[PDB]
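Text of start37.cif, listed as mmCIF, C-alpha atoms and all ligand atoms:
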```cif
data_data
loop_
_atom_site.group_PDB
_atom_site.id
_atom_site.type_symbol
_atom_site.label_atom_id
_atom_site.label_comp_id
_atom_site.auth_asym_id
_atom_site.auth_seq_id
_atom_site.Cartn_x
_atom_site.Cartn_y
_atom_site.Cartn_z
ATOM 1 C CA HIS A 8 6.415 7.770 6.997
ATOM 2 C CA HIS A 9 6.989 11.251 5.390
ATOM 3 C CA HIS A 10 7.174 9.957 1.711
ATOM 4 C CA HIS A 11 3.841 11.599 0.555
ATOM 5 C CA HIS A 12 5.749 14.649 -0.985
ATOM 6 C CA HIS A 13 7.339 12.331 -3.693
ATOM 7 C CA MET A 14 3.766 11.614 -4.947
ATOM 8 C CA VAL A 15 3.569 10.779 -8.716
ATOM 9 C CA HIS A 16 0.400 10.590 -10.913
ATOM 10 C CA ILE A 17 0.323 6.983 -12.208
ATOM 11 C CA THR A 18 -1.873 5.889 -15.152
ATOM 12 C CA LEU A 19 -2.363 2.349 -16.539
ATOM 13 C CA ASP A 20 -0.978 1.263 -19.936
ATOM 14 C CA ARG A 21 -3.890 -0.471 -21.836
ATOM 15 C CA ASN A 22 -1.396 -2.102 -24.271
ATOM 16 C CA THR A 23 0.246 -4.177 -21.446
ATOM 17 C CA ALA A 24 -3.079 -5.376 -19.936
ATOM 18 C CA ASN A 25 -4.280 -8.978 -19.975
ATOM 19 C CA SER A 26 -7.101 -9.097 -22.590
ATOM 20 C CA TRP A 27 -9.783 -9.704 -19.842
ATOM 21 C CA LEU A 28 -9.006 -6.428 -18.009
ATOM 22 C CA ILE A 29 -11.229 -3.326 -18.118
ATOM 23 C CA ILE A 30 -9.361 -0.041 -17.559
ATOM 24 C CA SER A 31 -11.406 3.079 -16.774
ATOM 25 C CA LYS A 32 -11.475 6.096 -19.189
ATOM 26 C CA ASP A 33 -9.199 8.078 -16.778
ATOM 27 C CA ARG A 34 -6.696 5.125 -16.799
ATOM 28 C CA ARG A 35 -6.765 5.135 -12.932
ATOM 29 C CA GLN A 36 -8.913 1.987 -12.254
ATOM 30 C CA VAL A 37 -8.744 -1.629 -13.461
ATOM 31 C CA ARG A 38 -10.942 -4.682 -12.858
ATOM 32 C CA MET A 39 -11.350 -8.258 -14.146
ATOM 33 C CA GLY A 40 -14.004 -8.562 -16.895
ATOM 34 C CA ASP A 41 -16.302 -11.622 -17.109
ATOM 35 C CA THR A 42 -14.914 -12.344 -20.696
ATOM 36 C CA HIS A 43 -12.268 -11.326 -23.368
ATOM 37 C CA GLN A 44 -12.500 -7.500 -23.793
ATOM 38 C CA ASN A 45 -12.406 -7.547 -27.655
ATOM 39 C CA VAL A 46 -8.796 -6.216 -28.085
ATOM 40 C CA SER A 47 -6.042 -7.542 -30.432
ATOM 41 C CA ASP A 48 -3.119 -9.590 -28.955
ATOM 42 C CA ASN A 49 0.376 -8.021 -28.809
ATOM 43 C CA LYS A 50 3.773 -9.019 -27.375
ATOM 44 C CA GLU A 51 3.345 -6.567 -24.383
ATOM 45 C CA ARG A 52 0.170 -8.186 -22.918
ATOM 46 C CA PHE A 53 0.469 -10.414 -19.829
ATOM 47 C CA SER A 54 -1.036 -13.717 -21.120
ATOM 48 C CA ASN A 55 -1.402 -16.031 -18.062
ATOM 49 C CA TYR A 56 -2.505 -13.642 -15.272
ATOM 50 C CA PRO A 57 -4.742 -10.547 -14.820
ATOM 51 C CA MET A 58 -1.745 -8.131 -14.788
ATOM 52 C CA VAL A 59 -1.131 -4.606 -16.210
ATOM 53 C CA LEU A 60 1.708 -2.017 -15.964
ATOM 54 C CA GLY A 61 1.663 1.689 -15.264
ATOM 55 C CA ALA A 62 2.629 3.865 -18.272
ATOM 56 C CA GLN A 63 5.325 5.709 -16.290
ATOM 57 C CA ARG A 64 8.989 4.499 -16.407
ATOM 58 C CA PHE A 65 11.357 5.416 -13.526
ATOM 59 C CA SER A 66 15.205 5.251 -13.814
ATOM 60 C CA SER A 67 16.117 7.714 -10.958
ATOM 61 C CA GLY A 68 14.762 9.540 -7.888
ATOM 62 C CA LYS A 69 12.098 8.886 -5.274
ATOM 63 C CA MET A 70 8.478 8.033 -6.234
ATOM 64 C CA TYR A 71 5.345 7.377 -4.121
ATOM 65 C CA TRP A 72 1.815 6.347 -5.065
ATOM 66 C CA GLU A 73 -1.280 4.759 -3.352
ATOM 67 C CA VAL A 74 -3.595 1.956 -4.448
ATOM 68 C CA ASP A 75 -7.149 1.127 -3.161
ATOM 69 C CA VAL A 76 -7.692 -2.654 -2.602
ATOM 70 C CA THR A 77 -11.091 -2.379 -0.790
ATOM 71 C CA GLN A 78 -13.009 -5.745 -0.660
ATOM 72 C CA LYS A 79 -10.548 -7.694 -2.824
ATOM 73 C CA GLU A 80 -9.710 -11.301 -1.816
ATOM 74 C CA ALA A 81 -6.554 -11.472 -3.995
ATOM 75 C CA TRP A 82 -4.113 -9.033 -5.709
ATOM 76 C CA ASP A 83 -0.388 -8.354 -6.327
ATOM 77 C CA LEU A 84 1.120 -4.798 -6.158
ATOM 78 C CA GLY A 85 4.552 -3.259 -6.513
ATOM 79 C CA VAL A 86 7.093 -2.437 -9.299
ATOM 80 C CA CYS A 87 8.865 -4.439 -11.960
ATOM 81 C CA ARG A 88 11.557 -4.123 -14.630
ATOM 82 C CA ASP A 89 10.287 -2.849 -18.001
ATOM 83 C CA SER A 90 11.842 -6.081 -19.515
ATOM 84 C CA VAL A 91 9.901 -8.664 -17.374
ATOM 85 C CA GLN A 92 8.536 -11.767 -19.145
ATOM 86 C CA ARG A 93 4.914 -11.234 -20.393
ATOM 87 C CA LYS A 94 4.004 -14.731 -21.772
ATOM 88 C CA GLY A 95 3.651 -18.056 -19.970
ATOM 89 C CA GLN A 96 4.090 -19.040 -16.305
ATOM 90 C CA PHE A 97 6.547 -17.266 -13.953
ATOM 91 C CA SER A 98 6.959 -16.517 -10.200
ATOM 92 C CA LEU A 99 6.983 -12.974 -8.765
ATOM 93 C CA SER A 100 10.578 -12.638 -7.429
ATOM 94 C CA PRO A 101 13.415 -10.108 -7.572
ATOM 95 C CA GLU A 102 15.360 -12.689 -9.690
ATOM 96 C CA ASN A 103 12.564 -12.381 -12.314
ATOM 97 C CA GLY A 104 12.466 -8.543 -12.044
ATOM 98 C CA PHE A 105 9.524 -8.020 -9.572
ATOM 99 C CA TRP A 106 9.375 -6.231 -6.162
ATOM 100 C CA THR A 107 5.843 -7.013 -4.961
ATOM 101 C CA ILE A 108 3.521 -7.972 -2.081
ATOM 102 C CA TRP A 109 0.215 -9.774 -2.331
ATOM 103 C CA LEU A 110 -2.948 -10.962 -0.655
ATOM 104 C CA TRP A 111 -3.929 -14.620 -1.215
ATOM 105 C CA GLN A 112 -6.247 -16.888 0.858
ATOM 106 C CA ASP A 113 -6.437 -14.579 3.866
ATOM 107 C CA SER A 114 -2.609 -14.151 4.165
ATOM 108 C CA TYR A 115 -0.321 -11.258 3.063
ATOM 109 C CA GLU A 116 3.145 -12.193 1.691
ATOM 110 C CA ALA A 117 6.145 -10.440 0.123
ATOM 111 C CA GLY A 118 7.278 -11.743 -3.308
ATOM 112 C CA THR A 119 10.713 -12.973 -2.225
ATOM 113 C CA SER A 120 11.965 -16.457 -3.296
ATOM 114 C CA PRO A 121 10.683 -18.211 -1.371
ATOM 115 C CA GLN A 122 7.869 -15.872 -0.240
ATOM 116 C CA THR A 123 7.928 -14.068 3.147
ATOM 117 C CA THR A 124 4.991 -13.963 5.623
ATOM 118 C CA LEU A 125 3.814 -10.376 6.406
ATOM 119 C CA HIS A 126 2.412 -9.441 9.870
ATOM 120 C CA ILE A 127 -0.565 -7.129 9.302
ATOM 121 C CA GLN A 128 -2.913 -6.471 12.304
ATOM 122 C CA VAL A 129 -5.255 -4.063 10.357
ATOM 123 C CA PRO A 130 -6.239 -5.446 6.873
ATOM 124 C CA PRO A 131 -5.384 -2.572 4.503
ATOM 125 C CA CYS A 132 -7.972 -0.832 2.276
ATOM 126 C CA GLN A 133 -5.192 1.365 0.688
ATOM 127 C CA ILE A 134 -1.459 0.531 0.158
ATOM 128 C CA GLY A 135 1.317 3.107 -0.274
ATOM 129 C CA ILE A 136 4.300 2.165 -2.502
ATOM 130 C CA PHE A 137 7.629 4.040 -2.195
ATOM 131 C CA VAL A 138 10.601 3.537 -4.564
ATOM 132 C CA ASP A 139 14.067 5.059 -4.023
ATOM 133 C CA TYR A 140 15.926 4.173 -7.235
ATOM 134 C CA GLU A 141 19.416 5.265 -6.138
ATOM 135 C CA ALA A 142 19.137 3.594 -2.684
ATOM 136 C CA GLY A 143 17.776 0.319 -4.160
ATOM 137 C CA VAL A 144 14.636 0.373 -1.906
ATOM 138 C CA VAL A 145 10.958 -0.553 -2.410
ATOM 139 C CA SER A 146 8.688 -0.060 0.644
ATOM 140 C CA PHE A 147 4.997 -0.769 1.284
ATOM 141 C CA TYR A 148 2.832 1.157 3.794
ATOM 142 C CA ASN A 149 -0.621 0.423 5.355
ATOM 143 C CA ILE A 150 -2.539 3.709 4.760
ATOM 144 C CA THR A 151 -5.571 2.295 6.748
ATOM 145 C CA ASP A 152 -3.252 1.878 9.845
ATOM 146 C CA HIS A 153 -1.727 5.443 9.930
ATOM 147 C CA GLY A 154 0.939 4.571 7.296
ATOM 148 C CA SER A 155 2.526 1.666 9.284
ATOM 149 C CA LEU A 156 5.341 -0.223 7.472
ATOM 150 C CA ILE A 157 4.355 -3.496 5.796
ATOM 151 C CA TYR A 158 7.616 -4.500 4.056
ATOM 152 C CA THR A 159 10.941 -3.095 2.740
ATOM 153 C CA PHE A 160 12.963 -4.691 -0.106
ATOM 154 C CA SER A 161 16.494 -3.350 0.244
ATOM 155 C CA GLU A 162 19.710 -3.959 -1.751
ATOM 156 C CA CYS A 163 17.415 -4.147 -4.818
ATOM 157 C CA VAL A 164 19.170 -4.784 -8.170
ATOM 158 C CA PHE A 165 16.664 -3.024 -10.507
ATOM 159 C CA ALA A 166 18.904 -3.548 -13.574
ATOM 160 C CA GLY A 167 16.628 -1.341 -15.772
ATOM 161 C CA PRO A 168 13.777 1.150 -15.898
ATOM 162 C CA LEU A 169 10.971 0.340 -13.423
ATOM 163 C CA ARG A 170 7.214 0.346 -14.076
ATOM 164 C CA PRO A 171 4.311 0.301 -11.564
ATOM 165 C CA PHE A 172 2.944 -3.312 -11.468
ATOM 166 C CA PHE A 173 -0.647 -4.476 -10.749
ATOM 167 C CA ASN A 174 -2.496 -7.843 -10.607
ATOM 168 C CA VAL A 175 -6.285 -7.646 -9.946
ATOM 169 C CA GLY A 176 -6.341 -11.448 -9.375
ATOM 170 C CA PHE A 177 -8.740 -14.074 -10.725
ATOM 171 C CA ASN A 178 -12.383 -14.146 -9.685
ATOM 172 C CA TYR A 179 -13.122 -17.926 -9.434
ATOM 173 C CA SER A 180 -14.915 -17.289 -6.067
ATOM 174 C CA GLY A 181 -17.215 -14.445 -7.206
ATOM 175 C CA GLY A 182 -15.794 -12.488 -4.236
ATOM 176 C CA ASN A 183 -12.887 -10.747 -6.058
ATOM 177 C CA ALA A 184 -14.581 -8.572 -8.776
ATOM 178 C CA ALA A 185 -13.683 -5.230 -7.128
ATOM 179 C CA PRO A 186 -11.189 -2.965 -8.944
ATOM 180 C CA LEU A 187 -7.702 -1.719 -8.056
ATOM 181 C CA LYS A 188 -7.874 2.116 -8.013
ATOM 182 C CA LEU A 189 -5.035 4.645 -8.066
ATOM 183 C CA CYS A 190 -5.899 7.081 -5.188
ATOM 184 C CA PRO A 191 -5.768 10.844 -5.710
ATOM 185 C CA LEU A 192 -2.797 12.901 -4.407
HETATM 186 O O1 LIG B 1 -19.131 -5.430 -11.968
HETATM 187 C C1 LIG B 1 -18.856 -4.252 -11.748
HETATM 188 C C2 LIG B 1 -19.582 -3.208 -12.497
HETATM 189 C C3 LIG B 1 -19.951 -3.481 -13.916
HETATM 190 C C4 LIG B 1 -20.993 -3.500 -12.879
HETATM 191 N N1 LIG B 1 -17.904 -3.957 -10.823
HETATM 192 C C5 LIG B 1 -17.364 -2.658 -10.424
HETATM 193 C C6 LIG B 1 -17.581 -2.396 -8.943
HETATM 194 N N2 LIG B 1 -17.299 -3.547 -8.062
HETATM 195 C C7 LIG B 1 -16.883 -3.402 -6.748
HETATM 196 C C8 LIG B 1 -16.939 -4.496 -5.872
HETATM 197 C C9 LIG B 1 -16.555 -4.377 -4.548
HETATM 198 C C10 LIG B 1 -16.111 -3.166 -4.102
HETATM 199 F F1 LIG B 1 -15.720 -3.058 -2.802
HETATM 200 C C11 LIG B 1 -16.031 -2.065 -4.908
HETATM 201 C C12 LIG B 1 -16.430 -2.178 -6.232
HETATM 202 C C13 LIG B 1 -17.647 -4.869 -8.603
HETATM 203 C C14 LIG B 1 -17.260 -5.013 -10.054
#
```
Output the structure of this file as structure tokens.
Ligand SMILES: O=C(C1CC1)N1CCN(c2ccc(F)cc2)CC1
Amino acid sequence: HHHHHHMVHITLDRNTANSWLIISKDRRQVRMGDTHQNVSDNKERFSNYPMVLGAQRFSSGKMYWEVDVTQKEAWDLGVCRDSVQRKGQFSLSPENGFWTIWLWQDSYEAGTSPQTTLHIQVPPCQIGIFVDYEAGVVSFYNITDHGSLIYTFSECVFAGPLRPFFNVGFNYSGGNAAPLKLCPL
């Protein structure tokens, strides 16, 4: 892929974070804390899952960023509508306003309804995410495997401003403490 030139500098929005998340001072890294992080509750925070949004909102153009997933057992990545549900239980699907992939129990899947099996030969340490707003496209790239395509959502109905979307995953196993990191341009 030749999408690198649409690179955007993403930062995390503390106010949207689940109350157990720890965001770095530079707002470029997030990890699961071992307890509540001593913040007040608000209507923006994801309540049920270890999720956070990027601060940036996109309503036009082409955007590209990269995320480091090194040594994580579980995570979700992609984009979502600014108006997605924050409280209670929900599935990651385009009908609910999410365009995502994930790792879970040694398999990679795209957040369609129902979910789609991904075919990844080289487990990725860094994921590239490309959004073309006008074309209605969200694509995922394996940076570890020379930028090979993972998945393309096409005919997307965004129906609003988009925000970068992250889920660090739970850490029941003790094997999923590692952070998500936004990689430098
Ligand atoms: O607990 C902490 C620090 C407070 C001590 N962590 C940050 C670095 N962690 C990490 C794990 C795997 C890995 F591949 C990269 C980073 C583990 C979680």
- Task: Identify which of the residues A:18, A:55, A:78, A:159 lies closest to residue 37 in chain A, counting only C-alpha atoms when measuring atom-to-atom distances.
- Result: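 Residue with the minimum atom-to-atom distance to residue 37 in chain A: A:18.
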- Query: Taking all atoms listed in the file into account, which of A:122, A:22, A:146, A:63 comes nearest residue 160 in chain A?
  - Reply: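 Comparing A:122, A:22, A:146, A:63 against residue 160 in chain A, the winner is A:146.
Residue nearest residue 102 in chain A within the list A:70, A:117, A:163, A:132: A:163 [criterion: smallest interatomic distance, only C-alpha atoms].
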- Message: Using only C-alpha atoms and all ligand atoms, which residues of the polymer chains come no farther than 6 Å from ligand LIG 1 (chain B)? I'd like the answer as JSON, numbers by chain.
- Response: {"A": [77, 78, 184, 185, 186]}
Could you take the residues named above and write them with C-alpha atoms, as a PDB file, in the coordinates of the input?
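What ended up in part-v4.pdb:
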```pdb
ATOM      1  CA  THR A  77     -11.091  -2.379  -0.790  1.00  0.00           C
ATOM      2  CA  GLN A  78     -13.009  -5.745  -0.660  1.00  0.00           C
ATOM      3  CA  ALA A 184     -14.581  -8.572  -8.776  1.00  0.00           C
ATOM      4  CA  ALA A 185     -13.683  -5.230  -7.128  1.00  0.00           C
ATOM      5  CA  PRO A 186     -11.189  -2.965  -8.944  1.00  0.00           C
TER       6      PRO A 186
END
```
- Where does the PyMOL selection byres (((chain A and resi 24-32) around 12) and not hetatm) land in this file, that is, which residues does it pick, as a VMD selection string? chain A and resid 18 to 23 33 to 62 93 to 94 172 to 178 184 to 189
- Rank A:133, A:180, A:100, A:124 by their smallest atom-to-atom distance to residue 150 in chain A, using all atoms listed in the file, and report the top residue only.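 Among the listed residues, the smallest separation from residue 150 in chain A belongs to A:133.
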- Of the candidates A:192, A:125, A:169, A:74, which shows the shortest atom-to-atom distance to residue 105 in chain A, using only C-alpha atoms? A:169
N, CA, C and O atoms for range 98-112 of chain A, written as a PDB file, in the frame of the given file, could you do that?
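rebuild13.pdb was written with the following content:
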```
ATOM      1  N   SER A  98       7.155 -16.936 -11.609  1.00  0.00           N
ATOM      2  CA  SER A  98       6.959 -16.517 -10.200  1.00  0.00           C
ATOM      3  C   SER A  98       7.329 -15.041 -10.052  1.00  0.00           C
ATOM      4  O   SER A  98       8.237 -14.561 -10.760  1.00  0.00           O
ATOM      5  N   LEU A  99       6.649 -14.366  -9.135  1.00  0.00           N
ATOM      6  CA  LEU A  99       6.983 -12.974  -8.765  1.00  0.00           C
ATOM      7  C   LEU A  99       8.163 -13.018  -7.804  1.00  0.00           C
ATOM      8  O   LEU A  99       8.005 -13.356  -6.636  1.00  0.00           O
ATOM      9  N   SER A 100       9.364 -12.629  -8.260  1.00  0.00           N
ATOM     10  CA  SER A 100      10.578 -12.638  -7.429  1.00  0.00           C
ATOM     11  C   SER A 100      11.512 -11.565  -7.957  1.00  0.00           C
ATOM     12  O   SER A 100      11.456 -11.229  -9.140  1.00  0.00           O
ATOM     13  N   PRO A 101      12.402 -11.055  -7.109  1.00  0.00           N
ATOM     14  CA  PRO A 101      13.415 -10.108  -7.572  1.00  0.00           C
ATOM     15  C   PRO A 101      14.292 -10.722  -8.672  1.00  0.00           C
ATOM     16  O   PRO A 101      14.642  -9.986  -9.608  1.00  0.00           O
ATOM     17  N   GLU A 102      14.547 -12.029  -8.619  1.00  0.00           N
ATOM     18  CA  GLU A 102      15.360 -12.689  -9.690  1.00  0.00           C
ATOM     19  C   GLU A 102      14.674 -12.542 -11.049  1.00  0.00           C
ATOM     20  O   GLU A 102      15.358 -12.409 -12.099  1.00  0.00           O
ATOM     21  N   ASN A 103      13.344 -12.543 -11.071  1.00  0.00           N
ATOM     22  CA  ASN A 103      12.564 -12.381 -12.314  1.00  0.00           C
ATOM     23  C   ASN A 103      12.238 -10.914 -12.587  1.00  0.00           C
ATOM     24  O   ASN A 103      11.540 -10.646 -13.577  1.00  0.00           O
ATOM     25  N   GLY A 104      12.679  -9.968 -11.764  1.00  0.00           N
ATOM     26  CA  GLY A 104      12.466  -8.543 -12.044  1.00  0.00           C
ATOM     27  C   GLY A 104      11.218  -7.945 -11.396  1.00  0.00           C
ATOM     28  O   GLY A 104      10.774  -6.903 -11.886  1.00  0.00           O
ATOM     29  N   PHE A 105      10.725  -8.537 -10.295  1.00  0.00           N
ATOM     30  CA  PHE A 105       9.524  -8.020  -9.572  1.00  0.00           C
ATOM     31  C   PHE A 105       9.824  -7.745  -8.105  1.00  0.00           C
ATOM     32  O   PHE A 105      10.449  -8.616  -7.449  1.00  0.00           O
ATOM     33  N   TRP A 106       9.302  -6.635  -7.577  1.00  0.00           N
ATOM     34  CA  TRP A 106       9.375  -6.231  -6.162  1.00  0.00           C
ATOM     35  C   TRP A 106       7.938  -5.970  -5.723  1.00  0.00           C
ATOM     36  O   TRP A 106       7.419  -4.872  -6.023  1.00  0.00           O
ATOM     37  N   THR A 107       7.315  -6.997  -5.130  1.00  0.00           N
ATOM     38  CA  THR A 107       5.843  -7.013  -4.961  1.00  0.00           C
ATOM     39  C   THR A 107       5.469  -7.590  -3.593  1.00  0.00           C
ATOM     40  O   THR A 107       6.251  -8.303  -2.959  1.00  0.00           O
ATOM     41  N   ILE A 108       4.250  -7.254  -3.162  1.00  0.00           N
ATOM     42  CA  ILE A 108       3.521  -7.972  -2.081  1.00  0.00           C
ATOM     43  C   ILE A 108       2.183  -8.419  -2.654  1.00  0.00           C
ATOM     44  O   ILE A 108       1.733  -7.901  -3.692  1.00  0.00           O
ATOM     45  N   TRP A 109       1.533  -9.285  -1.892  1.00  0.00           N
ATOM     46  CA  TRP A 109       0.215  -9.774  -2.331  1.00  0.00           C
ATOM     47  C   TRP A 109      -0.631 -10.229  -1.166  1.00  0.00           C
ATOM     48  O   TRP A 109      -0.136 -10.486  -0.039  1.00  0.00           O
ATOM     49  N   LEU A 110      -1.940 -10.298  -1.483  1.00  0.00           N
ATOM     50  CA  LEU A 110      -2.948 -10.962  -0.655  1.00  0.00           C
ATOM     51  C   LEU A 110      -3.377 -12.224  -1.390  1.00  0.00           C
ATOM     52  O   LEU A 110      -3.707 -12.150  -2.579  1.00  0.00           O
ATOM     53  N   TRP A 111      -3.489 -13.335  -0.653  1.00  0.00           N
ATOM     54  CA  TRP A 111      -3.929 -14.620  -1.215  1.00  0.00           C
ATOM     55  C   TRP A 111      -4.431 -15.504  -0.089  1.00  0.00           C
ATOM     56  O   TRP A 111      -3.658 -15.702   0.870  1.00  0.00           O
ATOM     57  N   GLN A 112      -5.702 -15.940  -0.161  1.00  0.00           N
ATOM     58  CA  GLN A 112      -6.247 -16.888   0.858  1.00  0.00           C
ATOM     59  C   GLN A 112      -6.014 -16.372   2.262  1.00  0.00           C
ATOM     60  O   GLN A 112      -5.539 -17.155   3.166  1.00  0.00           O
TER      61      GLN A 112
END
```
